[PDB]
Amino acid sequence: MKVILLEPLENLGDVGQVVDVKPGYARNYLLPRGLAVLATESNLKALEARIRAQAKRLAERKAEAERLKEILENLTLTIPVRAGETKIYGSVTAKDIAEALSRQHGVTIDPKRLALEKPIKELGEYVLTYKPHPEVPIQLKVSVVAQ
Amino acid sequence: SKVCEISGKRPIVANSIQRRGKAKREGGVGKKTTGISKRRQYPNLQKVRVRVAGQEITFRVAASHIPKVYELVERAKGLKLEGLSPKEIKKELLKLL
RNA sequence: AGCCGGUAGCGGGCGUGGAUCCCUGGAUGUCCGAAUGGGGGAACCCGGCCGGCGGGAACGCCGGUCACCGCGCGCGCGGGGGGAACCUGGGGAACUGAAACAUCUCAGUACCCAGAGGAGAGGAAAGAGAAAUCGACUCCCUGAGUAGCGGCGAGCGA
RNA sequence: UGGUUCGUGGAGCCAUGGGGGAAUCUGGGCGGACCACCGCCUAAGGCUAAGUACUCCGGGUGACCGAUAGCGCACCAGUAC
RNA sequence: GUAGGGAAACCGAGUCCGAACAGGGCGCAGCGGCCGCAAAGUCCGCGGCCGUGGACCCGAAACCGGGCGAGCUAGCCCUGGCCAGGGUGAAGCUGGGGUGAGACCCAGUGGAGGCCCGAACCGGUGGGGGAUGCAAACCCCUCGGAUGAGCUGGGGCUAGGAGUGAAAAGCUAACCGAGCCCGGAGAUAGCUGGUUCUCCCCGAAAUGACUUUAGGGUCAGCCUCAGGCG
RNA sequence: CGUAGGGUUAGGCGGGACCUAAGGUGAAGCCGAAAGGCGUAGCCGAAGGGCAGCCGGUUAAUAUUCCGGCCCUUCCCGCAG
RNA sequence: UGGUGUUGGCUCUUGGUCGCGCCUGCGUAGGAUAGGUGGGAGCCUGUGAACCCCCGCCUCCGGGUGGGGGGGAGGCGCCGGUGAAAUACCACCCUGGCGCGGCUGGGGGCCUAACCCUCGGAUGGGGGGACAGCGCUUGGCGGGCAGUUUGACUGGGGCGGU
RNA sequence: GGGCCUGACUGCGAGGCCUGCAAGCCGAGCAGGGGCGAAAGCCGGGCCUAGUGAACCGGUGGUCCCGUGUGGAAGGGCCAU
Ligand SMILES: [Mg+2]
Ligand SMILES: [Mg+2]
Ligand SMILES: [Mg+2]
Ligand SMILES: [Mg+2]
Ligand SMILES: [Mg+2]
Ligand SMILES: [Mg+2]
Ligand SMILES: [Mg+2]
Ligand SMILES: [Mg+2]
Ligand SMILES: [Mg+2]
Ligand SMILES: [Mg+2]
Ligand SMILES: [Mg+2]
Ligand SMILES: [Mg+2]
Ligand SMILES: [Mg+2]
Ligand SMILES: [Mg+2]
Ligand SMILES: [Mg+2]
Ligand SMILES: [Mg+2]
Ligand SMILES: [Mg+2]
Ligand SMILES: [Mg+2]
Ligand SMILES: [Mg+2]
Ligand SMILES: [Mg+2]
Ligand SMILES: [Mg+2]
Ligand SMILES: [Mg+2]
Ligand SMILES: [Mg+2]
Ligand SMILES: [Mg+2]
Ligand SMILES: [Mg+2]
Ligand SMILES: [Mg+2]
Ligand SMILES: [Mg+2]
Ligand SMILES: [Mg+2]
Ligand SMILES: [Mg+2]
Ligand SMILES: [Mg+2]
Ligand SMILES: [Mg+2]
Ligand SMILES: [Mg+2]
Ligand SMILES: [Mg+2]
Ligand SMILES: [Mg+2]
Ligand SMILES: [Mg+2]
Ligand SMILES: [Mg+2]
Ligand SMILES: [Mg+2]
Ligand SMILES: [Mg+2]
Ligand SMILES: [Mg+2]
Ligand SMILES: [Mg+2]
Ligand SMILES: [Mg+2]
Ligand SMILES: [Mg+2]
Ligand SMILES: [Mg+2]
Ligand SMILES: [Mg+2]
Ligand SMILES: [Mg+2]
Ligand SMILES: [Mg+2]
Ligand SMILES: [Mg+2]
Ligand SMILES: [Mg+2]
Ligand SMILES: [Mg+2]
Ligand SMILES: [Mg+2]
Ligand SMILES: [Mg+2]
Ligand SMILES: [Mg+2]
Ligand SMILES: [Mg+2]
Ligand SMILES: [Mg+2]
Ligand SMILES: [Mg+2]
Ligand SMILES: [Mg+2]
Ligand SMILES: [Mg+2]
Ligand SMILES: [Mg+2]
Ligand SMILES: [Mg+2]
Ligand SMILES: [Mg+2]
Ligand SMILES: [Mg+2]
Ligand SMILES: [Mg+2]
Ligand SMILES: [Mg+2]
Ligand SMILES: [Mg+2]
Ligand SMILES: [Mg+2]
Ligand SMILES: [Mg+2]
Ligand SMILES: [Mg+2]
Ligand SMILES: [Mg+2]
Ligand SMILES: [Mg+2]
Ligand SMILES: [Mg+2]
Ligand SMILES: [Mg+2]
Ligand SMILES: [Mg+2]
Ligand SMILES: [Mg+2]
Ligand SMILES: [Mg+2]
Ligand SMILES: [Mg+2]
Ligand SMILES: [Mg+2]
Ligand SMILES: [Mg+2]
Ligand SMILES: [Mg+2]
Ligand SMILES: [Mg+2]
Ligand SMILES: [Mg+2]
Ligand SMILES: [Mg+2]
Ligand SMILES: [Mg+2]
Ligand SMILES: [Mg+2]
Ligand SMILES: [Mg+2]
Ligand SMILES: [Mg+2]
Ligand SMILES: [Mg+2]
Ligand SMILES: [Mg+2]
Ligand SMILES: [Mg+2]
Ligand SMILES: [Mg+2]
Ligand SMILES: [Mg+2]
Ligand SMILES: [Mg+2]
Ligand SMILES: [Mg+2]
Ligand SMILES: [Mg+2]
Ligand SMILES: [Mg+2]
Ligand SMILES: [Mg+2]
Ligand SMILES: [Mg+2]
Ligand SMILES: [Mg+2]
Ligand SMILES: [Mg+2]
Ligand SMILES: [Mg+2]
Ligand SMILES: [Mg+2]
Ligand SMILES: [Mg+2]
Ligand SMILES: [Mg+2]
Ligand SMILES: [Mg+2]
Ligand SMILES: [Mg+2]
Ligand SMILES: [Mg+2]
Ligand SMILES: [Mg+2]
Ligand SMILES: [Mg+2]
Ligand SMILES: [Mg+2]
Ligand SMILES: [Mg+2]
Ligand SMILES: [Mg+2]
Ligand SMILES: [Mg+2]
Ligand SMILES: [Mg+2]
Ligand SMILES: [Mg+2]
Ligand SMILES: [Mg+2]
Ligand SMILES: [Mg+2]
Ligand SMILES: [Mg+2]
Ligand SMILES: [Mg+2]
Ligand SMILES: [Mg+2]
Ligand SMILES: [Mg+2]
Ligand SMILES: [Mg+2]
Ligand SMILES: [Mg+2]
Ligand SMILES: [Mg+2]
Ligand SMILES: [Mg+2]
Ligand SMILES: [Mg+2]
Ligand SMILES: [Mg+2]
Ligand SMILES: [Mg+2]
Ligand SMILES: [Mg+2]
Ligand SMILES: [Mg+2]
Ligand SMILES: [Mg+2]
Ligand SMILES: [Mg+2]
Ligand SMILES: [Mg+2]
Ligand SMILES: [Mg+2]
Ligand SMILES: [Mg+2]
Ligand SMILES: [Mg+2]
Ligand SMILES: [Mg+2]
Ligand SMILES: [Mg+2]
Ligand SMILES: [Mg+2]
Ligand SMILES: [Mg+2]
Ligand SMILES: [Mg+2]
Ligand SMILES: [Mg+2]
Ligand SMILES: [Mg+2]
Ligand SMILES: [Mg+2]
Ligand SMILES: [Mg+2]
Ligand SMILES: [Mg+2]
Ligand SMILES: [Mg+2]
Ligand SMILES: [Mg+2]
Ligand SMILES: [Mg+2]
Ligand SMILES: [Mg+2]
Ligand SMILES: [Mg+2]
Ligand SMILES: [Mg+2]
Ligand SMILES: [Mg+2]
Ligand SMILES: [Mg+2]
Ligand SMILES: [Mg+2]
Ligand SMILES: [Mg+2]
Ligand SMILES: [Mg+2]
Ligand SMILES: [Mg+2]
Ligand SMILES: [Mg+2]
Ligand SMILES: [Mg+2]
Ligand SMILES: [Mg+2]
Ligand SMILES: [Mg+2]
Ligand SMILES: [Mg+2]
Ligand SMILES: [Mg+2]
Ligand SMILES: [Mg+2]
Ligand SMILES: [Mg+2]
Ligand SMILES: [Mg+2]
Ligand SMILES: [Mg+2]
Ligand SMILES: [Mg+2]
Ligand SMILES: [Mg+2]
Ligand SMILES: [Mg+2]
Ligand SMILES: [Mg+2]
Ligand SMILES: [Mg+2]
Ligand SMILES: [Mg+2]
Ligand SMILES: [Mg+2]
Ligand SMILES: [Mg+2]
Ligand SMILES: [Mg+2]
Ligand SMILES: [Mg+2]
Ligand SMILES: [Mg+2]
Ligand SMILES: [Mg+2]
Ligand SMILES: [Mg+2]
Ligand SMILES: [Mg+2]
Ligand SMILES: [Mg+2]
Ligand SMILES: [Mg+2]
Ligand SMILES: [Mg+2]
Ligand SMILES: [Mg+2]
Ligand SMILES: [Mg+2]
Ligand SMILES: [Mg+2]
Ligand SMILES: [Mg+2]
Ligand SMILES: [Mg+2]
Ligand SMILES: [Mg+2]
Ligand SMILES: [Mg+2]
Ligand SMILES: [Mg+2]
Ligand SMILES: [Mg+2]
Ligand SMILES: [Mg+2]
Ligand SMILES: [Mg+2]
Ligand SMILES: [Mg+2]
Ligand SMILES: [Mg+2]
Ligand SMILES: [Mg+2]
Ligand SMILES: [Mg+2]
Ligand SMILES: [Mg+2]
Ligand SMILES: [Mg+2]
Ligand SMILES: [Mg+2]
Ligand SMILES: [Mg+2]
Ligand SMILES: [Mg+2]
Ligand SMILES: [Mg+2]
Ligand SMILES: [Mg+2]
Ligand SMILES: [Mg+2]
Ligand SMILES: [Mg+2]
Ligand SMILES: [Mg+2]
Ligand SMILES: [Mg+2]
Ligand SMILES: [Mg+2]
Ligand SMILES: [Mg+2]
Ligand SMILES: [Mg+2]
Ligand SMILES: [Mg+2]
Ligand SMILES: [Mg+2]
Ligand SMILES: [Mg+2]
Ligand SMILES: [Mg+2]
Ligand SMILES: [Mg+2]
Ligand SMILES: [Mg+2]
Ligand SMILES: [Mg+2]
Ligand SMILES: [Mg+2]
Ligand SMILES: [Mg+2]
Ligand SMILES: [Mg+2]
Ligand SMILES: [Mg+2]
Ligand SMILES: [Mg+2]
Ligand SMILES: [Mg+2]
Ligand SMILES: [Mg+2]
Ligand SMILES: [Mg+2]
Ligand SMILES: [Mg+2]
Ligand SMILES: [Mg+2]
Ligand SMILES: [Mg+2]
Ligand SMILES: [Mg+2]
Ligand SMILES: [Mg+2]
């Protein structure tokens, strides 16, 4: 008897997979405990239309992030600070870069996503990955400068 | 030993035909009937308990039509069944037949 | 143009201003009965609720209303029981016949039960069966005691 | 197992209590095992007058009875008993 | 009906068996001077007899179906009632005796028991009577039980291949080895009985063969009528 | 016996407007081709439980019923505690 | 009482079957232990050679085959001895065996959730448990019951005889 | 007693015996292909009379007659047992 697993069960199959088991197993264990649903043709489309819709929201992330990988990687965030020789008196944070990428260049950005543990305490030209979506990591060139 | 609530399968009357002899096809003289008496053949009636709208509903159903019960439950997902009694849920289930 | 049934009599009345009487509709219709407020040994008993009557609160009477089940969004529509045979469906004998008897016959008859109606069933081809064909179903005639079935017996019979 | 003329017969067809268990016309069922060929027909939803049956009832008519007959009852009979 | 023969294919005044052109089986056929007329055959009436049906009529013992009965009787269940009087005198108890203590013995008290005698009541042993009875089971005398497995009132349940039975196949409404009613039904009866005006002619058989046959049948024999032959 | 006329008087007697017994019926529930079979509660079910009237007089015919004497029960309303 | 439906889970263990690793194959003759038909006139070695010895396995008593170490580059065929077929190498399959898997047949054990019993509590706990019950089907026992049968002749019938 | 042999024939069959039926019995002759005999001829089991069993149902060999729209097949028929 074909069923659609609602959960991944050991040596049975992965959630949402169509497996074949014995009638009594499905009727007196799986279906009563919510572990699987009858692989009827009706909800076999319900499975299909989730496989379909979930792939749609995901490829929309990988093609909205791509447009955000075009704006960045094709510009530079110049950041003016007060600096002595090379060490900065303050510090430039990811929050600073975000609030900097706001007013300048127009793009608002999520600070918590940027890859930067400690605040930048020296001048220079940095390459900071953004990661708005895995496998789509945006390399941002940010130039810390003085005055 | 009664009526399938899904199919309407009913106890039917059958003859029990006792035969002796070698069949003509086996090269024998032929089959002889040493007795014919009525008997009943029953549906393979079984209990199927399922939960619908929180309540527990029992069907008396021939084995042949056991999946037809679970279908009626799926078809009952789109019904305003909440708060009804089991006797009322059953009537709604069978109405969908 | 007589009349107050059969039914005369007693004692009283009615009708050409149309009686009696015949037809149609309406009103009244105790109690029991599917009987259905509840109970019950049918035609009896005993209640709730609302309204009325009596001096009426206790008591009693009058009118209304109150069973169960099904269906539909507490309220509605429906159901119940009956009917001479006729009909369909669900069950279903035996004597008898076979000059014994068991298969077979009697017979899907008698009968029980459910349901139906003035009829019931059936009915618009997943038909027939050889006609290069017919064209729902029902019913009658015929086909035909044919084809066949059958302890290939008795018989059964498209 | 039943139905049919068919009583297991070469036993198809129609129905179905049990088990198994499809397809959507290039699908399917049938023409008496079965196979091929050639034809016929569209199952698994429902309804449908009329022609047919009966006679509690009403009328008409008898080479039907005439009170031991004719209905069990011509009469206060499904009564008396 | 006009064509038959063959299991059939098939052939046809023929056909089948067969190698046969053999032989055999089964088949094939009007009067007068065209018409009458007689005729295949067929239709209808009428009569005899046969088949089917209850089939000449009356009659079982039985079998089956559906109901109706435990107001009789059997058992159980519930709830009430009844059993004069007398006799016997268990256990226990107490006192006395006894013993180391006891067992146990004796008296008194006591009031047990499918105990005894005997009415009511329940029975029905032997005899007589009765025998178209007073009575479809009674009467007289006698006799059994009578605190028990006792009797009994009322209210209930169990039924027909079923009940109930301290068991007799007893009883289940005055006949129970399978109740009663209605139905199948006009069961069936190779058996018994019965079968209705008159006259006239003829006129048997009771044998043989075969038969789950022997007092029943089929055929033959014997009777009768019609046609024909002579 | 025939005809006719008359005769049966209840809060307390018996039954019911109370209770339950076997048993019957039977919401819930279970079972059976149909008919129907069961079924805890509940209901019905008495000669068992419960519950207040004795004595005398009177009629041709009734009397714990009518009457007389002396008693008693329940229900309703009111008063007081 | 077998099969099967209601009837499921895990494991162990034997059985059967395919998938895969595979390894196994003994005459006269012939290197030696030749499974068979093809492909075959070459493959092989830093994917370290001729061979030294420790390890299982296969031993028809020759060995064969698998590791490991040393050493660390040559070895077998084509030819011919040779037999019915004759050799390095690469496929298909054959024998039999083993291991991982399918998929099932039995068996043993355990589980729980169908099903059954039960518990003032019940979408639950407890016990039994895929058994039992029940449906279809197979064979069997079966006067508990049912329908019947149980011949004739005959100095009556029975018995005997026929 | 011996020799050669298979007539212990196939296809029929005039005519009869017996006889309730159904059976039982005897059979010359014609044809086919034979055996023996020089031949005439005999030969269709056995000197004769008992040594047997109707139907139905089925087996086997042959036949190639039927074959459920058609070709086949299933299954029948016929001859023999
Ligand atoms: Mg059977
Ligand atoms: Mg056969
Ligand atoms: Mg055959
Ligand atoms: Mg037969
Ligand atoms: Mg069940
Ligand atoms: Mg279940
Ligand atoms: Mg089925
Ligand atoms: Mg199935
Ligand atoms: Mg009058
Ligand atoms: Mg007057
Ligand atoms: Mg007058
Ligand atoms: Mg007028
Ligand atoms: Mg009127
Ligand atoms: Mg009134
Ligand atoms: Mg009424
Ligand atoms: Mg009423
Ligand atoms: Mg009532
Ligand atoms: Mg009022
Ligand atoms: Mg008032
Ligand atoms: Mg009123
Ligand atoms: Mg009222
Ligand atoms: Mg009704
Ligand atoms: Mg009706
Ligand atoms: Mg009606
Ligand atoms: Mg019918
Ligand atoms: Mg019905
Ligand atoms: Mg029937
Ligand atoms: Mg009927
Ligand atoms: Mg019966
Ligand atoms: Mg019979
Ligand atoms: Mg008869
Ligand atoms: Mg007859
Ligand atoms: Mg008859
Ligand atoms: Mg008979
Ligand atoms: Mg007879
Ligand atoms: Mg008899
Ligand atoms: Mg019979
Ligand atoms: Mg019949
Ligand atoms: Mg009738
Ligand atoms: Mg009409
Ligand atoms: Mg109709
Ligand atoms: Mg249509
Ligand atoms: Mg004809
Ligand atoms: Mg018939
Ligand atoms: Mg006809
Ligand atoms: Mg079938
Ligand atoms: Mg049949
Ligand atoms: Mg046949
Ligand atoms: Mg058939
Ligand atoms: Mg059949
Ligand atoms: Mg079918
Ligand atoms: Mg079916
Ligand atoms: Mg098509
Ligand atoms: Mg197709
Ligand atoms: Mg079909
Ligand atoms: Mg077919
Ligand atoms: Mg057809
Ligand atoms: Mg055909
Ligand atoms: Mg068709
Ligand atoms: Mg269609
Ligand atoms: Mg219709
Ligand atoms: Mg019309
Ligand atoms: Mg109509
Ligand atoms: Mg009509
Ligand atoms: Mg008419
Ligand atoms: Mg009339
Ligand atoms: Mg007359
Ligand atoms: Mg007259
Ligand atoms: Mg008279
Ligand atoms: Mg009369
Ligand atoms: Mg007279
Ligand atoms: Mg009348
Ligand atoms: Mg009369
Ligand atoms: Mg009369
Ligand atoms: Mg009278
Ligand atoms: Mg012929
Ligand atoms: Mg001839
Ligand atoms: Mg021939
Ligand atoms: Mg001739
Ligand atoms: Mg003429
Ligand atoms: Mg004529
Ligand atoms: Mg005759
Ligand atoms: Mg008749
Ligand atoms: Mg008659
Ligand atoms: Mg007659
Ligand atoms: Mg009988
Ligand atoms: Mg009998
Ligand atoms: Mg009987
Ligand atoms: Mg009866
Ligand atoms: Mg009694
Ligand atoms: Mg009694
Ligand atoms: Mg008592
Ligand atoms: Mg007592
Ligand atoms: Mg008592
Ligand atoms: Mg006493
Ligand atoms: Mg005494
Ligand atoms: Mg005494
Ligand atoms: Mg006493
Ligand atoms: Mg004393
Ligand atoms: Mg004492
Ligand atoms: Mg003492
Ligand atoms: Mg004493
Ligand atoms: Mg005493
Ligand atoms: Mg004393
Ligand atoms: Mg005693
Ligand atoms: Mg005594
Ligand atoms: Mg005594
Ligand atoms: Mg007394
Ligand atoms: Mg007594
Ligand atoms: Mg007495
Ligand atoms: Mg007595
Ligand atoms: Mg007695
Ligand atoms: Mg006596
Ligand atoms: Mg005496
Ligand atoms: Mg006596
Ligand atoms: Mg004397
Ligand atoms: Mg006497
Ligand atoms: Mg005497
Ligand atoms: Mg007597
Ligand atoms: Mg006496
Ligand atoms: Mg006496
Ligand atoms: Mg005495
Ligand atoms: Mg005495
Ligand atoms: Mg005594
Ligand atoms: Mg005594
Ligand atoms: Mg006494
Ligand atoms: Mg005593
Ligand atoms: Mg007692
Ligand atoms: Mg009593
Ligand atoms: Mg009693
Ligand atoms: Mg009583
Ligand atoms: Mg009883
Ligand atoms: Mg009873
Ligand atoms: Mg009864
Ligand atoms: Mg009986
Ligand atoms: Mg009976
Ligand atoms: Mg018996
Ligand atoms: Mg009995
Ligand atoms: Mg007794
Ligand atoms: Mg009676
Ligand atoms: Mg009696
Ligand atoms: Mg008696
Ligand atoms: Mg009798
Ligand atoms: Mg009897
Ligand atoms: Mg009987
Ligand atoms: Mg009786
Ligand atoms: Mg009746
Ligand atoms: Mg009859
Ligand atoms: Mg009779
Ligand atoms: Mg008879
Ligand atoms: Mg006569
Ligand atoms: Mg004479
Ligand atoms: Mg004779
Ligand atoms: Mg004979
Ligand atoms: Mg004989
Ligand atoms: Mg004889
Ligand atoms: Mg005899
Ligand atoms: Mg004799
Ligand atoms: Mg006889
Ligand atoms: Mg004769
Ligand atoms: Mg003569
Ligand atoms: Mg004659
Ligand atoms: Mg003559
Ligand atoms: Mg008087
Ligand atoms: Mg007076
Ligand atoms: Mg008073
Ligand atoms: Mg009272
Ligand atoms: Mg009251
Ligand atoms: Mg009451
Ligand atoms: Mg009560
Ligand atoms: Mg109910
Ligand atoms: Mg009941
Ligand atoms: Mg009860
Ligand atoms: Mg009450
Ligand atoms: Mg009461
Ligand atoms: Mg009382
Ligand atoms: Mg009382
Ligand atoms: Mg009282
Ligand atoms: Mg008093
Ligand atoms: Mg007076
Ligand atoms: Mg008096
Ligand atoms: Mg009085
Ligand atoms: Mg007073
Ligand atoms: Mg106060
Ligand atoms: Mg079994
Ligand atoms: Mg199973
Ligand atoms: Mg366990
Ligand atoms: Mg557990
Ligand atoms: Mg459990
Ligand atoms: Mg356990
Ligand atoms: Mg099982
Ligand atoms: Mg089976
Ligand atoms: Mg069996
Ligand atoms: Mg036996
Ligand atoms: Mg017997
Ligand atoms: Mg019989
Ligand atoms: Mg016999
Ligand atoms: Mg016998
Ligand atoms: Mg016999
Ligand atoms: Mg005899
Ligand atoms: Mg003798
Ligand atoms: Mg003699
Ligand atoms: Mg003698
Ligand atoms: Mg004699
Ligand atoms: Mg003998
Ligand atoms: Mg010689
Ligand atoms: Mg010789
Ligand atoms: Mg020679
Ligand atoms: Mg002759
Ligand atoms: Mg003869
Ligand atoms: Mg002879
Ligand atoms: Mg012979
Ligand atoms: Mg010759
Ligand atoms: Mg010759
Ligand atoms: Mg010659
Ligand atoms: Mg010669
Ligand atoms: Mg010659
Ligand atoms: Mg000759
Ligand atoms: Mg000889
Ligand atoms: Mg000789
Ligand atoms: Mg001889
Ligand atoms: Mg024979
Ligand atoms: Mg026969
Ligand atoms: Mg035959
Ligand atoms: Mg043949
Ligand atoms: Mg042919
Ligand atoms: Mg054909
Ligand atoms: Mg072909
Ligand atoms: Mg042909
Ligand atoms: Mg062929
Ligand atoms: Mg053939
Ligand atoms: Mg023959």
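Letters go in sequence order (proteins before strands), and every chain restarts at 1. All heavy atoms count here, side chains included; hydrogens, waters and symmetry mates do not.
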Could you list, one pair per line, each protein nitrogen or oxygen that sits under 3.5 Å from a nitrogen or oxygen of nucleotides 13-20 of chain D, together with the distance?
from: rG17(D); atom 1: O3'; to: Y42(B); atom 2: O; distance (Å): 3.3
from: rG17(D); atom 1: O2'; to: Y42(B); atom 2: O; distance (Å): 2.6
from: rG18(D); atom 1: OP1; to: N44(B); atom 2: N; distance (Å): 2.8
from: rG18(D); atom 1: OP2; to: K9(B); atom 2: NZ; distance (Å): 2.9
from: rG19(D); atom 1: OP1; to: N44(B); atom 2: ND2; distance (Å): 2.8

Every protein N/O within reach of nucleotides 2-8 of chain D N/O, cut-off under 3.5 Å:
from: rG2(D); atom 1: OP1; to: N15(B); atom 2: ND2; distance (Å): 2.7
from: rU8(D); atom 1: OP2; to: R19(B); atom 2: NH1; distance (Å): 2.9

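Heavy atoms of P32(A) sit nowhere under 4.0 angstrom from any nucleic acid atom.
The partner of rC30(D), taking Watson-Crick or G-U wobble pairs whose two distances both stay under 3.5 Å, is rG39(D). In this entry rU81(H) has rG59(H) as its Watson-Crick or G-U wobble partner, both defining distances falling under 3.5 Å. Applying the Watson-Crick and G-U wobble criteria (two distances, each under 3.5 Å), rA189(E) pairs with nothing in any strand.
Here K47(B) does not reach the OP1 or OP2 of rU6(G): none of its side-chain N or O atoms lies under 4.0 Å away. The side chain of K38(B) places no N or O atom within less than 4.0 Å of a non-bridging phosphate oxygen (OP1 or OP2) of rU1(D). For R39(B), a side-chain nitrogen or oxygen approaches OP1 or OP2 of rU137(G) to under 4.0 Å. The side chain of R49(B) places no N or O atom within less than 4.0 Å of a non-bridging phosphate oxygen (OP1 or OP2) of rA113(G).
Legend: residues meeting salt bridge (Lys or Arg N to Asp or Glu O under 4.0 Å) with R33(A), ordered by chain and number and at least two apart, are absent. For the salt bridge (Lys or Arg N to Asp or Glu O under 4.0 Å) test, residues two or more places apart in sequence or in another chain that qualify with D20(A) are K2(A). By the salt bridge (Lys or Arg N to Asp or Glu O under 4.0 Å) test, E7(A) is found to be paired with no residue, residues two or more places apart in sequence or in another chain being considered. In terms of the side-chain hydrogen bond (donor to acceptor under 3.5 Å, both in side chains) criterion, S7(B) has no residue partners (sequence neighbours excluded).
Per the geometry, NZ belonging to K2(B) stands 14 Å off P belonging to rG37(F), to the nearest Å. In this structure, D20(A) places its CG atom 12 Å from P of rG9(G), rounding to the nearest Å. The separation between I66(B) atom CD1 and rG21(D) atom P is 14 Å, rounded to whole Å. Rounded to whole Å, atom P of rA132(G) lies 14 Å from atom CD of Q46(B). Atom CG in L30(A) sits roughly 11 Å away from atom P in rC10(G) (whole-Å rounding). The nearest whole Å value for the distance from the CZ atom in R60(B) to the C1' atom in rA33(F) is 13 Å. Distance CD (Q55(B)) to P (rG124(G)): 13 Å, rounded to an integer number of Å. Atoms CD (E92(B)) and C1' (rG72(C)) sit 11 Å apart, rounded to a whole Å.
Nucleotide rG13(C) carries an anti base; the chi torsion (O4'-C1'-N9-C4 or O4'-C1'-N1-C2) is more than 90° from 0. In this structure, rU95(G) shows a glycosidic angle more than 90 degrees from zero, which is the anti conformation. For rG16(G), the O4'-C1' to base torsion is more than 90° from 0; the nucleotide is therefore anti.
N43(A) contributes a side-chain N or O that, together with a main-chain N or O of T40(A), makes up a donor-acceptor pair within less than 3.5 Å. Between the side chain of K121(A) and the main chain of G90(A), a donor-acceptor pair closer than 3.5 Å is present. Side-chain atoms of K9(B) never come within 3.5 Å of backbone atoms of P43(B) as a donor-acceptor pair (strictly under, hydrogens ignored). In this structure, the side chain of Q41(B) does not engage the main chain of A14(B) through any donor-acceptor pair within 3.5 Å.
Nearest nucleotide to the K91(B) side chain, out of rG70(C), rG8(G), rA113(G): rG70(C). The side chain of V29(B) has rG58(H) as its nearest neighbour among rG58(H), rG8(G), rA113(G). In the set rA33(F), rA113(G), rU6(G), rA113(G) carries the atom at the smallest distance from any side-chain atom of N28(A).
Across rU74(F) and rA57(C), the matching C1' atoms stand 16 Å from one another, rounded to whole Å. Nucleotides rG13(H) and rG216(E), compared at atom P, are 45 Å apart to the nearest Å. Annotation: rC18(G) and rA49(G) have their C1' atoms spaced 42 Å apart (nearest Å).
Other residues, nucleotides and ligands contribute only 12 or fewer heavy atoms inside 6.0 Å of the NZ atom of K68(B).
Judged by the 6.0 Å and 45° rule, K90(B) forms a cation-pi pair with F59(B).
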Determine whether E48(A) and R52(A) satisfy the following criterion, salt bridge (charged side-chain N to carboxylate O under 4.0 Å, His left out), listing intermediate values before the conclusion.
CA-CA 6 Å; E48(A) 184 177 305; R52(A) 182 184 296 109; 2.8 Å; yes

